[PDB]
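One chain comes next, on its own, written as structure tokens: the form solved without uridine-5'-monophosphate (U5P).
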């Protein structure tokens, strides 16, 4: 049971729009919208979306394995050894949000302060004392972006695992000599940094020049979650405000995916005429180039929706029915829809490029979709006893040696229930950088934005006020 199994299970259920059924449904944690800062939904005048892993949730582990397989094949194609073909994607290893240290070739799980929570070299999980040789302060400088790469997105899950496979493979292959910063192969030296760049380039290649999109579109049922409640919720949003799409993907791929997402023998509700996906949007913008989109952006272009090609020149005209934009900036959207930032609820899955940047650069309201959250929630509630014991040990240790070794043991057993790299949100009692960024920049979050269907449009999402220590 993967996280996308939970989501597709909830997607196969028709929407019971009885007012009592909704209030009861959103009592379960899997259907709730969780709130970091209070948000009065009645003030939202525009609902904005990205597409990938938000409207189009790619099924797991099939999609990650496809991306992994095509990336491995690209690396072999450019000269990596044939043994890469023996790799097989393993969804229990990677957790999202890890940091690859290109100097020493380690995957790191860190908190918001750069403190080390987990350190794996290949598949070898390095314990505290051994990490101090490379990390004397158990700490990394997050601003050293040349050295450290944060694997933010679900698209990064294949390469997260692949980086560890590669370090593991070169380390244990007798043709290579392991050095502090890479591998020696006779008169060739492969640094972890250049290896990382090859992987990163191959993932980009797979997405932009390879066959990933083609293989996705030829088997959409295998790769993309489909939910009849999606047209219903969007149609309700359009009744109370405006709806826009702003995706980094190109129009041809967006058209294929969105057509599939809306391919039901009916419109918003069973019994209604089917409507094209574009009719659900007041504004459609592709090739957004987020997060640059939230600053100067790029030149605003017009898509020829017949050919899927850009028309030649900068588009200077108005928002017209049927027009599709390419590029532009977030100001394009606000001007064309007559919106201010706080009028907008932007619904995305990229913690940095969608949520952090729209919040900090423009003061948009934010809803973070966390696709793995359906599975994380299941583990969290099933193992809440382990966490509670952890909280008790920390309290008992505060009043006071065998307690500290028991804290590490419970922490490990809890973390392993999530996978080898632990929970997206914490390791034991220590929060991750990702958890901290969610809390700070996502006003609302959930496994799926479809959970908004279970709340009335006048709903006041409420968070407790934050107080300083001296104020409480």
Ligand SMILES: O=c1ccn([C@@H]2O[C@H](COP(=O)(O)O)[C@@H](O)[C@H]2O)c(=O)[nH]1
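Positions refer to the first chain, counted from 1.
The following text describes the form deposited with uridine-5'-monophosphate (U5P) bound, which does not appear among the structures shown.
J.: Only one of 278, 102, 302, 249 has a non-hydrogen atom within 4.5 angstroms of uridine-5'-monophosphate (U5P) in the bound PDB entry; which is it?
T.: Looking at the other structure, the residue within range turns out to be 249.
J.: Exactly one residue in 335, 204, 83, 282 has a non-hydrogen atom within 4.5 Å of uridine-5'-monophosphate (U5P) in the bound PDB entry; which is it?
T.: That would be 204.
J.: Although uridine-5'-monophosphate (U5P) is absent from this view, report whether residue 70 comes within 4.5 Å of it in the bound PDB entry, heavy atoms only.
T.: Because no heavy atom of residue 70 falls inside 4.5 Å of uridine-5'-monophosphate (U5P) in the bound PDB entry, the answer is no.
J.: Can you work out whether residue 432 and uridine-5'-monophosphate (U5P) are in contact in the bound PDB entry, taking contact to mean some heavy atom pair no more than 4.5 Å apart?
T.: Residue-level check for residue 432: no, no contact with uridine-5'-monophosphate (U5P).
J.: Is it the case that residue 309, even though its partner is missing from this view, gets within 4.5 Å of uridine-5'-monophosphate (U5P) in the bound PDB entry, heavy atoms only?
T.: Close contact is absent here: in the bound PDB entry, residue 309 is far from uridine-5'-monophosphate (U5P), nothing within 4.5 Å, heavy atoms only.
J.: Even though the partner isn't displayed, in the bound PDB entry is residue 380 close enough to uridine-5'-monophosphate (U5P), meaning a heavy atom within 4.5 Å?
T.: Residue 380: no contact with uridine-5'-monophosphate (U5P) in the bound PDB entry.
J.: Choose one stretch from 322-330, 381-389, 160-168, 195-203: the one whose residues place a heavy atom within 4.5 angstroms of uridine-5'-monophosphate (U5P) in the bound PDB entry.
T.: Selected range: 195-203.
J.: Within 4.5 Å of uridine-5'-monophosphate (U5P) in the bound PDB entry, which residues of 124-162 have a heavy atom? Give them in sequence order, or say none.
T.: Sequence-ordered list has one entry, 155.
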